[PDB]
Amino acid sequence: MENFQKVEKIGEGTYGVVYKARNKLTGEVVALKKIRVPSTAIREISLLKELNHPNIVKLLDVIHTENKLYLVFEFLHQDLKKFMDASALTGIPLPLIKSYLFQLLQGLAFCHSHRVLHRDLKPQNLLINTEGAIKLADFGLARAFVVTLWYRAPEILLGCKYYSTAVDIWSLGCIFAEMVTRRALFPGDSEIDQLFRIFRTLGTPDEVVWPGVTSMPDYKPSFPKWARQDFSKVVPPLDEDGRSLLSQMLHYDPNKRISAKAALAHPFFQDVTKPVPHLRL
Ligand SMILES: c1ccc2c(c1)Cc1c-2n[nH]c1-c1ccncc1
């Protein structure tokens, strides 16, 4: 809309480009996304406007004009990928990691309770502000409408057509590990490299740990068989409570994977607080 003055491109996705923009008539600063128009898309996106929660980036307006689709979102000041890179030397303080994980699980528990999945969680769509808040962005968009495979759940990689809310828990678990170790957990650069990286760390799944896995669409009996490795080796700095929680977030069987709601009650969050991040914007 000519109702906005584009300041700068704050990113790009496959579902569209995102810009920092100012509302030409109200001076308000926002994140303007021009979607890259079916009625179903319009209806699903319209549903997202009501899905409001303190840990979900607010969708301010939906502008379907001149047969185009623009999404006006609230503008935060930093995404988690940049914050992680900037904190690479010391690493994000554990209390902050815990706070962020707790908040994101609250956001997920909320959307999941409304049957809405994100499907593509990653540091780039997790936005933070100076007050210690972290929020889920660009979600509900996947189902409504190089791509990184690093946070993709194994059931999606094995070809499951109807995945559940568990896919989000898996992605968040990978991000949790990344914040703690300062290295991506499963940095695959292809679908099979991604799958095998997961197998080499958590062990090749079988019917014992994941009933029904061998009949999944893309499963091959020829998959090499790797043994699982201790979480003590995978996320060393993390204490037992965090390790136990992470292990339940990375269960192979989606039905065995912990829910966001249950994760909130895990002992790991017994001492959760809300520290302020060291931001440089
Ligand atoms: C989709 C929907 C809303 C938003 C985004 C993507 C990215 C984004 C969104 N809102 N604010 C920001 C942002 C702020 C500062 N630095 C990077 C990004």
Side-chain angles (χ1 to χ4, degrees), residues 1 3-24 26-37 41-65 68-88 92 96 100 103-104 106-108 110-111 114 116-148 150-151 167-168 171-172 175 178-179 276-281:
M1 194 94 285
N3 263 316
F4 293 92
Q5 176 196 359
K6 278 186 239 169
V7 184
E8 80 192 33
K9 154 151 71 220
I10 55 191
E12 196 185 355
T14 312
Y15 267 157
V17 181
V18 182
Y19 293 90
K20 174 183 189 175
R22 3 188 23 112
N23 179 315
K24 255 180 265 185
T26 85
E28 168 176 50
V29 174
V30 304
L32 183 77
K33 187 186 197 193
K34 167 189 205 41
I35 308 295
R36 211 190 155 134
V37 193
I42 292 297
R43 284 182 246 119
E44 255 135 304
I45 285 310
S46 285
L47 269 160
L48 283 180
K49 275 182 81 353
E50 280 158 10
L51 197 70
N52 304 294
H53 186 277
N55 296 113
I56 288 302
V57 180
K58 204 236 224 300
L59 170 52
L60 302 164
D61 303 289
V62 182
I63 296 173
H64 184 205
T65 287
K68 290 317 302 184
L69 229 223
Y70 293 97
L71 302 185
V72 185
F73 286 100
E74 100 183 80
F75 177 83
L76 271 90
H77 267 73
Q78 193 152 296
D79 75 24
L80 193 64
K81 186 186 181 107
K82 305 263 211 222
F83 184 58
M84 272 191 306
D85 289 343
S87 318
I92 299 163
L96 187 52
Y100 281 172
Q103 287 181 67
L104 291 181
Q106 278 182 261
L108 285 186
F110 175 84
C111 298
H114 278 92
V116 170
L117 334 188
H118 192 309
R119 293 169 214 266
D120 195 29
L121 284 179
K122 61 190 142 185
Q124 287 188 163
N125 300 326
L126 297 182
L127 311 173
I128 62 178
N129 67 14
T130 57
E131 294 172 284
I134 185 151
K135 318 199 193 197
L136 303 146
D138 240 19
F139 86 106
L141 273 72
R143 139 85 122 139
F145 309 136
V146 209
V147 79
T148 188
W150 301 4
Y151 314 90
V167 303
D168 288 341
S171 302
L172 189 53
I175 293 163
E178 198 176 330
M179 282 193 281
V276 149
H278 190 136
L279 283 208
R280 2 231 169 133
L281 348 135

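We count ligands from 1, going down the list as the structure has it; atoms in each ligand are counted the same way. If you read the sequence from its start, that first residue is 1, and numbering goes on from there. Computed from heavy atoms alone, side chains included, the values below leave out hydrogens, waters and symmetry copies.
Residue-ligand proximity, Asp138 to ligand 1, at heavy-atom distances under 4.0 Å covers atoms 1 (C), 2 (C). For ligand 1, the atoms closer than 4.0 angstrom to any heavy atom of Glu74 are 9 (C), 10 (N), 11 (N). Those atoms of ligand 1 that come under 4.0 Å of a heavy atom in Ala31, given as number and element, are 4 (C), 9 (C), 10 (N), 11 (N).
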Under 3.5 Å, which donor-acceptor pairs link side chains of residues 79-87 to any protein atom two or more places apart or in another chain?
unit_1	atom_1	unit_2	atom_2	d
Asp79	OD1	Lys81	N	2.9
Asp79	OD1	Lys82	N	2.7
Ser87	OG	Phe83	O	2.6

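Residue-level proximity to ligand 1 for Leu127 is carried by the side chain, the only part with a heavy atom below 4.0 angstrom. Under 4.0 Å from ligand 1, the heavy atoms of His77 that appear belong solely to its backbone. Heavy atoms from both the backbone and the side chain of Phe75 come within less than 4.0 Å of ligand 1.
At least one heavy atom of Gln78 lies less than 4.0 angstrom from ligand 1.
Side chains of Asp120 and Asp138 form no contact here, defined as non-hydrogen atoms less than 4.5 Å apart. Contact of the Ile63 side chain with the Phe4 side chain is registered, since non-hydrogen atoms from C-beta on lie closer than 4.5 Å.
Scanning the protein for heavy atoms near atom 2 (C) of ligand 1, the closest one is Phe73 CD1, 3.2 Å. In this structure, the protein non-hydrogen atom closest to atom 14 (C) of ligand 1 is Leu76 O, 2.8 Å.
In this pair, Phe110 and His114 present their aromatic rings tilted. The plane angle is within the 30 to 60° band.
Rounded to the nearest 0.5 Å, atoms CG (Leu136) and CD1 (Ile56) are 4.0 Å apart. For the atom pair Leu59 CG and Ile45 CD1, the distance stands at 7.5 Å (nearest 0.5 Å).
Side-chain atoms of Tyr70 and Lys34 form a donor-acceptor pair, as typed in the model, at a separation below 3.5 Å.
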